[PDB]
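Novice: Would you mind keeping the following structure in view while I ask a few things?
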Amino acid sequence: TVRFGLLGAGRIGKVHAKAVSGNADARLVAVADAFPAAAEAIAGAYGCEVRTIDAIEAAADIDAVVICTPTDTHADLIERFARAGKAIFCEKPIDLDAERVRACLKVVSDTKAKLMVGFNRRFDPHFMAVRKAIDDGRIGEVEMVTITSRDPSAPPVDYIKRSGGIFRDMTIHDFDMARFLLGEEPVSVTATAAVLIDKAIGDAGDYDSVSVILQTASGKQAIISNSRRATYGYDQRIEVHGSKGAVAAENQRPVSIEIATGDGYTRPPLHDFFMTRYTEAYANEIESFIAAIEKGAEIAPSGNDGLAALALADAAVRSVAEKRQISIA
Amino acid sequence: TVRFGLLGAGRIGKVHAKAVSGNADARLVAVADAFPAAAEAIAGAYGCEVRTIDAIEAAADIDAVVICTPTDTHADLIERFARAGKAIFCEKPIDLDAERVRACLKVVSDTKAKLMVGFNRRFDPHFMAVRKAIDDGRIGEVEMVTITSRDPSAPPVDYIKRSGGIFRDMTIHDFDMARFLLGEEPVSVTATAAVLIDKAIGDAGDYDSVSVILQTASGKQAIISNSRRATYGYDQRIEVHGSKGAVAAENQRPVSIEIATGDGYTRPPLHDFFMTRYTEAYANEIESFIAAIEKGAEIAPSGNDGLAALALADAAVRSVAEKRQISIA
Amino acid sequence: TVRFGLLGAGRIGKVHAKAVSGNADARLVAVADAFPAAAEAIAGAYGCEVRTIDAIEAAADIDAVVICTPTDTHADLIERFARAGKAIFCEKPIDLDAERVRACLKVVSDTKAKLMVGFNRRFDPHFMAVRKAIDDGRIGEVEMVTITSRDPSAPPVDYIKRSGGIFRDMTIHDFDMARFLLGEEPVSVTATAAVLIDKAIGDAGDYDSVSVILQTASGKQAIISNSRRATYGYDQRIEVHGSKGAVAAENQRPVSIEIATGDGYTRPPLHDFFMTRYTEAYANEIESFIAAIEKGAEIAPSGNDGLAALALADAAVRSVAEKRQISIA
Amino acid sequence: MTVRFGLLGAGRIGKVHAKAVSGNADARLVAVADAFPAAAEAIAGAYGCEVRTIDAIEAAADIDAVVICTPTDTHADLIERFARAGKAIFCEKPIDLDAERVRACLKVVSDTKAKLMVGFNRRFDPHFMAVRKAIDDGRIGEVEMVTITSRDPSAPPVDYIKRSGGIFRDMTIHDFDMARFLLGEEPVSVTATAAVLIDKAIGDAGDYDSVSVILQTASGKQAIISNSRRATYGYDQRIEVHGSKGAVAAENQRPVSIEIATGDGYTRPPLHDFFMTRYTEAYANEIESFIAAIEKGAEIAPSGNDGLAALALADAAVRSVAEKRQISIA
Ligand code: NA
Ligand code: NA
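Structure (C-alpha cells):
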C-alpha cells in the first residue's frame with residue numbers, strides 16, 4: 021500500500037486527508053504544517069504522526085506527498101520532493117509565474133518524477149459522465165462549451181493580494197475544464213472583467229466578475245462566466261453543445277427536497293463550497309494517483325495541464341488590459 | 021376602434037391578422053401582399069378588403085399598419101406610413117444598414133409617428149416575468165446576464181445571402197434581450213465566430229456558431245451564445261445573476277411528460293419551430309400596440325431599440341474580423 | 021356545418037361558445053339560460069339568437085346541444101334532446117343518482133342518440149401523451165396507476181350540499197382517469213376519508229381528504245389521492261408504472277421561471293384556477309365532439325363512462341362507511 | 380473512547396455495515412462471523428479484522444456492540460443472547476416475522492437494559508431526514524396525506540421469498556415504518572390490495588409482487604403506500620407529505636446527474652440499482668446515531684418497538700388483503 025505524507029493542514033489539506041484515509045490502498049503516515057495545532061488536528065483525527073516538512077522529505081517510509089501548503093511554497097516543494105524520489109500530488113497552482121513553472125517541470129522530467137496537479141473537477145462523477153458521453157459519441161462533434169462557476173463569497177483581501185488575481189486563482193479550474201471538454205487546445209482568449217461585488221477587491225487590484233471566450237483552431241468555442249459571490253451557493257455547471265446534441269451536468273446540492281406553498285416550489289441552496297461539493301471527486305483523484313503510482317499508468321491532470329491552464333489565465337489578464345483577443349499557439 | 025391595414029400575408033402576417041381581428045378595439049380593414057392568393061385568403065378569412073399598398077397608404081379609413089413584408093421594404097414603408105399619419109408596427113429589422121435606419125428614424129421623429137418594432141421576446145410571458153423579478157428587487161443589482169439561443173436547423177443558403185449575417189439576423193434578438201435585461205446600455209462588444217455546422221454557410225460569407233460578450237459602462241456583462249442548429253429543438257434560455265441572487269427562464273416544450281426505463285428518464289425535445297414557442301408573445305405584442313395607440317402612450321420596443329440592437333450586431337461583425345473589442349459610440 | 025344550441029351561459033358556457041364558433045365546421049345558432057342577460061351577452065357576441073330551451077328542443081335548425089346548466093337538470097335535458105334527435109355534449113355528471121343515470125341511458129340507447137360527457141381531462145395534451153405512450157407500448161403492460169388531485173381551495177358549504185360529496189363531485193374525474201389509464205374495468209374499490217381541512221365540510225355530511233384503491237380483475241391497481249385544499253395551487257398528476265417502465269405527466273404553471281437565493285431555488289406555484297389549467301383540453305374536447313358528429317364516429321367519453329365513474333364513486337362512499345372493499349357489480 | 384464492533388453475517392447487507400462501521404471515526408471493526416468462512420474471511424481480509432465464531436463474539440470482552448446481519452430466522456435469538464451478554468445491538472430488519480416472538484424478545488431487551496436499534500435505515504437518509512425536519516419546523520403546517528412509492532429493481536428469488544414472510548413483511552415493512560415516521564401519529568387502520576403482475580412464480584410461492592396500502596390515524600390523517608417488486612429504471616424511493624400549509628417531497632436519487640438532449644428528448648440516467656449505493660450516507664448516519672446512543676445513553680430510534688409497530692402494520696395488511704376489509708390495529 022502507498023504511504024502518504026500531507027503538507028498543509030488547512031481547508032484544502034483536510035479534504036485530501038479524508039480522501040487518502042478513505043482510500044483502501046493508501047495510508048496517511050504524517051502531516052506537517054506551519055501552525056502546529058493545525059497538523060495536530062489532523063494527526064488526532066486520523067491517527068498519523070506530526071512531522072516537519074524536512075522530515076517528510078527525508079523519510080524512507082513516505083512513498084508520496086500531497087502538497088496543500090500556500091501558493092508561494094509549491095514550485096520549491098515539488099522540486100524538493102521530486103529530488104527525493106517521492107510521487108507528488110500538488111494543489112493548484114504549480115506557480116503563478118509561467119517561467120517558474122517551466123523550471124519546476126524540467127526538474128520533474130530530469131528526475132523522472134510522478135507529478136499530478138489538482139484539477140479535482142476532472143474526477144467529479146457528474147463532470148466525468150459528461151466527458152464519457154462526449155467520448156462515446158452521444159453529442160457528435162463538440163461545437164460550443166458553456167461553463168459557469170460562481171463562488172459563494174470572495175476570499176479576504178490578503179489572500180487576493182497573494183492569489184495572482186481572479187483568472188489565475190478561480191478561472192483556472194474552468195480553463196482546464198474547457199481543455200477537458202473541448203478535446204483540443206484553445207488558441208485564442210478574449211476576456212472582460214469588472215468589480216461589481218466589493219470595491220475592496222478592486223482596491224487590491226483584482227476583478228470579481230469575469231467573462232471569457234476561448235476558441236480552438238477548428239473554430240469550437242468555450243464561454244466561461246465567473247463570479248466571486250452567489251448567495252445560493254457554489255454554482256458549478258458545464259454544458260457542451262454538439263452536432264448530434266447537447267450534454268450538461270446540473271448543479272449539486274447536499275440535500276434534495278422540495279417544499280411547495282403559495283410562495284412556490286422551493287429546493288435547497290447548493291453546497292457551500294468545494295469541501296462538500298467535490299467529496300467524491302477527491303476520492304476519485306487519489307485513486308487515479310494511486311493507479312498512476314502502483315502501475316506505470318498515465319498521469320492526468322499532468323504538470324503540462326497546470327501550465328496550459330495558467331497560460332490561458334495569463335492570456336486572459338492581457339486580453340482585459342489590451343481590450344482584444346490574445347493569441348496563444 | 022383602431023382600423024388596421026396589414027402589409028404582408030405570409031406566415032407572420034397570418035398570425036398578426038388573427039390577433040388584430042379578434043381584438044375588441046381593432047378591426048382589420050384591408051390586406052396588401054405581392055402574392056395575390058395570400059392576400060385574398062386573409063381577406064376571405066376576416067371579411068376585409070384586398071388593397072394595394074398605395075391605396076392603404078392614402079386611405080382615410082386606416083389608422084394603423086402592420087408591416088410583415090420582406091426586410092428590404094421596411095425602411096421605405098415606415099417612412100411612407102409615418103408621412104401618411106398611420107401608426108406602425110414593423111417586424112424586425114428597420115433595415116440592415118445602420119445609416120439607413122438613422123435616416124428612417126429622423127422621418128418618424130419629424131412626422132411625430134408611433135412606431136413599434138417587432139422584438140416579440142420582450143413580450144414572452146416567461147421572459148417578462150424574469151424582467152419583473154429584476155424590477156421587483158428580487159435579485160438585487162444586475163451583474164451577469166447569460167443568453168443562449170439555438171435554432172432547430174440552419175436557414176437555406178438563399179435566405180442567408182439576404183439576411184445580413186448571423187449577428188444581424190439571429191443574434192439581434194439577443195442584443196435587444198441583453199439591453200432589456202441589463203439595466204443599461206452596452207458600450208463594448210467582443211465576439212468570436214465559426215462555421216461548425218454547414219460549410220455552405222461559410223461559403224456564403226456567414227458564420228453559424230457565435231459567442232458574444234457585451235459590457236456596460238458600470239462593467240456589467242452579458243454573454244450570448246448562438247448556434248444555428250440543435251437536434252433537440254428551439255433552445256431559448258435567459259439567466260440573470262445579481263447581487264442578491266439569480267433568475268432564469270426555462271425552455272418550453274409542447275407536452276410535459278416523462279418516461280422512465282433502463283435507458284433513463286426521458287422528457288420530450290423542445291418545440292421544433294419558433295412560432296409555436298412564441299404564440300403568446302405574438303399575441304401580447306399586438307394587444308400591447310393596440311392598447312398604446314388608444315391611450316396614446318410612448319412605445320417600446322421603439323425605433324431606437326431597433327437601432328441599438330443593430331449597431332451591437334455591427335460591432336460584433338467588426339469584432340470578429342478585427343479580432344478585438346469594439347466600442348459603441 | 022354542425023349547428024349548435026348552448027344551454028347554460030355561465031363561465032363554462034362562455035368557453036364552449038368560443039370553441040363552437042371558432043370551429044370551421046360548426047356554427048353557434050342559439051343560446052338559452054335562466055338569466056336573460058347571460059344568454060344575451062353570448063348570443064350578441066357571436067351574432068346568434070337567444071332561444072328558450074323548449075325552442076331549441078323543437079328546432080329543426082339545431083344539430084347539437086352543449087349542456088352547461090345545473091347538475092339537477094342534466095338527466096332530464098339529455099333525455100329530451102335525445103328524443104328530439106340532437107347530438108349531445110353534457111358537462112359531468114349525467115345525474116348524482118346511478119338509477120337515474122341508468123334510466124337516462126336507456127332513453128339514449130332506444131333513441132340511438134349520440135352523447136359525450138365532459139370528462140375534459142381525457143383531452144388534456146399532457147394526459148393524452150401519457151395514454152399515447154402506453155398505447156405505443158413504451159411501458160409494456162400497465163401494472164400500477166397513481167393519481168393525485170388537489171384543489172387550490174375548498175368549495176363553500178352551499179356548493180357541497182348539492183355536490184353529491186367529494187367522491188361524486190371531485191374524485192369522479194380521477195375515477196374516469198383511472199379507467200382511461202388502466203384500459204380495463206375496476207372491479208373493486210377500497211377507500212378512506214377524513215375531514216382535515218374544514219369542519220364545516222364534515223358538518224354538511226362530506227369529506228375533504230380522501231384515499232382510494234381500485235383494482236381490476238387481472239389485479240392491476242390504481243391509487244387515487246384527493247385533497248380539497250393546497251396552498252401551492254391546482255395539483256393534477258398522473259403516473260403509470262408498467263412492465264417495461266413508467267410514464268408520468270407533470271404539473272403545469274402559468275410561467276416557467278426560477279429564482280435562486282440563500283433561501284433556495286424557487287419556482288412559481290401552480291395555476292390558481294382550474295379553467296386556466298385546462299384551456300387546451302376544453303378546446304380539444306369540443307373539437308373532437310364536432311369531428312365525431314361529422315364522421316359517424318364512436319363517441320368517447322360516452323354515457324357509459326359517465327355511469328361507470330359514478331358507480332366507482334358510489335362504491336367509494338360505501339367502502340368508507342362500511343370499512344371494507346366494495347365489489348362493483 | 381472507541382466502540383468495538385462485532386459483525387455477524389457477511390452477505391450484501393453485512394458488507395454495507397462493514398463499510399459504514401469502518402468509515403466511522405469513533406468505531407472499530409474487530410471481528411466478523413458468518414456460516415460461510417470464505418465470506419467472513421473476505422470481510423476480514425478487506426478490513427484487517429479477525430474471523431471469529433458467534434460464541435466467541437458473545438463471550439468477548441473486547442466487543443462493545445454487535446451488528447446482526449445474519450438470516451432473519453436467527454435475529455430474535457441473537458438479540459436475546461447479546462442483550463444478556465451486555466453488548467449493544469444493532470439488528471437488521473426484522474426482529475422476527477412473528478409478533479409474539481418479537482414481544483418476547485423486547486421483554487428480554489427491557490429486562491437487561493440492553494440497547495437495541497433496528498435497521499430502518501431510511502430514517503437516516505439525508506433527504507428523508509430533511510423532509511421530516513421541514514415537517515418538524517412547521518413548514519407544511521399539520522400533516523394531512525402522505526404518499527410513499529417504493530419499487531425494487533427486480534424481485535428476489537423464490538427460495539428467499541419462501542422464508543421472507545411475504546412482500547408486506549419483507550418490503551413494505553420499510554414503508555410502514557416511513558409512514559409512522561412521517562405521519563407523527565400512529566396508524567389505527569390498514570386496508571390493502573395485492574396481486575401477482577410481475578412473475579407467476581412469486582404467486583406460486585404464495586406471495587404477491589404488486590401492492591397498494593392505505594393507513595389512517597385516529598385523527599384521520601392518511602398514508603398511501605405503493606410497492607412493486609420490479610422497475611426497469613432502478614430503485615424508486617419517493618416520499619411526499621401534503622399538509623395544511625403546503626407540501627414537502629424528496630425526489631429520487633441517482634448516482635450521476637447529467638442530461639443529454641437530442642431529437643429523441645432530454646434524458647437523465649436511471650436511478651441507483653439498489654440499497655447498496657442509494658443509502659450509503661444513510662448507513663453512515665445510522666451507525667453514527669447508534670454510537671451516540673451507546674456514548675450518551677440517548678433513547679434509541681428506530682427502537683425495538685418501532686420494529687414491532689411496522690410488523691403489526693404488515694400483519695394487518697396481510698389480513699386486509701385476505702379478508703377484503705379494513706383491519707384495525709390493536
Ligand atoms: Na364556425
Ligand atoms: Na472506523
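Protein chains in written order, with our numbering: chain A, 21 to 349; chain B, 21 to 349; chain C, 21 to 349; chain D, 380 to 709.
We treat Cβ as the ideally placed atom computed from N, Cα and C, and that holds for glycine.
1) Can you tell me whether D/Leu457 is helix, strand or coil according to DSSP?
2) Does D/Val575 get closer than 8 Å to chain C when you measure Cβ to Cβ?
3) List, in order along the chain, the chain A residues whose C-beta lies closer than 8 Å to that of B/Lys264?
4) Since D/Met524 is in the beta strand (DSSP E), which residue starts that stretch and which ends it?
5) Would you call the CB atoms of C/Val86 and C/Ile76 closer than 8 Å?
6) Can you tell me whether B/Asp196 is buried or exposed, with buried defined as 16 or more other CB within 10 angstroms of its CB?
7) Quick one, which of D/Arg501, D/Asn403 and D/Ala467 has its alpha-carbon nearest D/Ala672's?
8) What residues in the segment 159-173 of chain C have a beta carbon less than 8 Å from any beta carbon of chain D?
9) One question on the structure: do D/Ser605 and C/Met164 come within less than 8 Å of each other, judged by their Cβ atoms?
10) Shortest alpha-carbon distance to A/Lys219 belongs to which of A/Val177, A/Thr236, A/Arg257 and A/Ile192?
11) Tell me, please, whether the CB atom of B/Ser308 is closer than 8 Å to any CB atom in chain A?
12) Would you report the Cα separation of B/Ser183 and B/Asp189, rounded to the nearest angstrom?
13) Starting from the N-terminal side, write out each stretch of the alpha helix (DSSP H) that is 4 residues or longer and does not extend beyond the segment 249-320 of chain A.
14) Go through its chain and collect everything with a Cβ distance to B/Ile180's Cβ below 7 Å, but skip five positions before and after it.
15) With a threshold of 16 other CB atoms inside 10 Å of the CB of C/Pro206, please say whether the residue is buried or exposed.
16) Nearest-angstrom Cα distance between D/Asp434 and A/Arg71?
17) Going along chain A in order, which residues have a C-beta closer than 9 Å to the C-beta of C/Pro274?
18) May I have the straight-line CA-CA distance separating C/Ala266 from D/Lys624, to the nearest angstrom?
19) I'd like to confirm the pairing. Which residues does DSSP put opposite D/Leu408 in its beta bridges?
20) Taking the alpha carbon of C/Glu259 as the point to measure from, which residue in C/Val275, C/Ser169 and C/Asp228 has its own alpha carbon closest?
21) Using 8 Å as the limit for Cβ to Cβ distance, is A/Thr191 near chain D?
22) If you drop the 5 nearest sequence neighbours on each side, which residues of the same chain put their C-beta closer than 6 Å to that of A/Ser229?
23) Let me know the secondary structure DSSP gives A/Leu234 once reduced to three states.
24) Can you give me the start and stop residues for the alpha helix (DSSP H) that A/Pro145 sits inside?
25) Assuming B/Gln241 contacts A/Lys343 (C-beta within less than 8 Å), just tell me the rounded distance between them.
26) Looking at chain B, which residues of the segment 24-41 of chain A have a Cβ within less than 8 Å of any of its Cβ atoms?
27) Output, in chain order, the set of chain A residues within a Cβ distance shorter than 7 Å of B/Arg344.
28) If you measure beta-carbon to beta-carbon, which residues of the segment 195-210 of chain B are closer than 8 Å to chain A?
29) Would you mind sorting B/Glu314 into buried or exposed? The rule is 16 or more other CB atoms within 10 Å of its CB.
30) Using a Cβ-Cβ cut-off of 8 Å, state whether B/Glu278 counts as contacting chain C.
31) Using CA coordinates, which residue listed in A/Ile114, A/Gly253, A/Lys34 and A/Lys126 is at the minimum distance from residue 352 of chain A?
32) Compare the Cα-Cα distances from B/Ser276 to each of C/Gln256, C/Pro172 and C/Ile192 and report the closest residue.
33) Is any non-hydrogen atom of ligand 2 found closer than 7 Å to the C-beta of D/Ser668, if you look at the structure I gave you?
34) Could you name the residues, in chain order, whose CB is less than 6 Å away from a heavy atom belonging to ligand 1?
35) Could you spell out where the beta strand (DSSP E) holding B/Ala242 opens and where it closes?
36) Does the contact criterion of 3 or more C-beta pairs under 8 Å hold for the segment 107-117 of chain C versus the segment 89-96 of chain C?
Specialist: Taking the structure as given:
1) In this structure, D/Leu457 counts as helix in the three-state DSSP scheme.
2) Output row for D/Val575: interface = yes.
3) Simply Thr251.
4) Under the DSSP assignment, D/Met524 falls in the beta strand (DSSP E) whose first and last residues are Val522 to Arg530.
5) No; because the gap between Cβ atoms is not below 8 Å, this pair is not in contact.
6) Here B/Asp196 is buried: its Cβ has 16 or more other Cβ atoms, across all protein chains shown, within 10 Å.
7) Minimum Cα distance to D/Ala672 is reached at D/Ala467.
8) Cβ contacts with chain D: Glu161, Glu163, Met164, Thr166, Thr168 and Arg170.
9) Yes, Cβ-Cβ distance for D/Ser605 and C/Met164 is below 8 Å.
10) Its Cα nearest to that of A/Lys219, the residue A/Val177 stands out among A/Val177, A/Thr236, A/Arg257 and A/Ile192.
11) Among the residues facing chain A, B/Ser308 is not included, as its CB has no counterpart in that chain under 8 Å away.
12) If I take the Cα positions, the gap works out to 6 Å.
13) Fully enclosed alpha helix (DSSP H) runs of 4 or longer: 294-297 and 299-314.
14) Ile221, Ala224 and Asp226, listed in sequence order.
15) Classification for C/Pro206: buried.
16) Rounded to whole angstroms, D/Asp434 and A/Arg71 show a C-alpha spacing of 44 Å.
17) None at all; the shortest Cβ gap to chain A is about 12 Å.
18) Answer to the nearest angstrom: the Cα atoms are 30 Å apart.
19) Looking at the DSSP assignment, D/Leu408 forms a beta bridge with D/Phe384.
20) Out of C/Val275, C/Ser169 and C/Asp228, C/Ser169 has the C-alpha closest to the C-alpha of C/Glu259.
21) Chain D contact via Cβ: absent.
22) Excluding sequence neighbours, A/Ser229 sits near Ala214, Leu216 and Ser247.
23) Here A/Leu234 sits in strand by DSSP.
24) First-last of the alpha helix (DSSP H) with A/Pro145: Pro145 to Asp155.
25) Wrong, their Cβ atoms sit about 14 Å apart, outside the cutoff.
26) Listed by position, the residues of the segment 24-41 of chain A near chain B (Cβ gap below 8 Å) amount to none.
27) Per Cβ cutoff of 7 Å: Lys343, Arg344 and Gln345.
28) From the segment 195-210 of chain B, only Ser208 and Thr210 have a Cβ closer than 8 Å to chain A.
29) Label assigned to B/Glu314: exposed.
30) At least one chain C Cβ lies under 8 Å of B/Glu278.
31) Any answer about residue 352 of chain A is impossible in this case: the structure gives chain A only from 21 up to 349.
32) The shortest Cα separation from B/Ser276 among C/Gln256, C/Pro172 and C/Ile192 belongs to C/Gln256.
33) False, no ligand heavy atom lies under 7 Å from that Cβ.
34) Matched residues: C/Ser41, C/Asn43, C/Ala44, C/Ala46 and C/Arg47.
35) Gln241 to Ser247 is the span of the beta strand (DSSP E), which, as asked, contains B/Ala242.
36) The segment 89-96 of chain C and the segment 107-117 of chain C touch, with three or more beta-carbon pairs separated by less than 8 Å.
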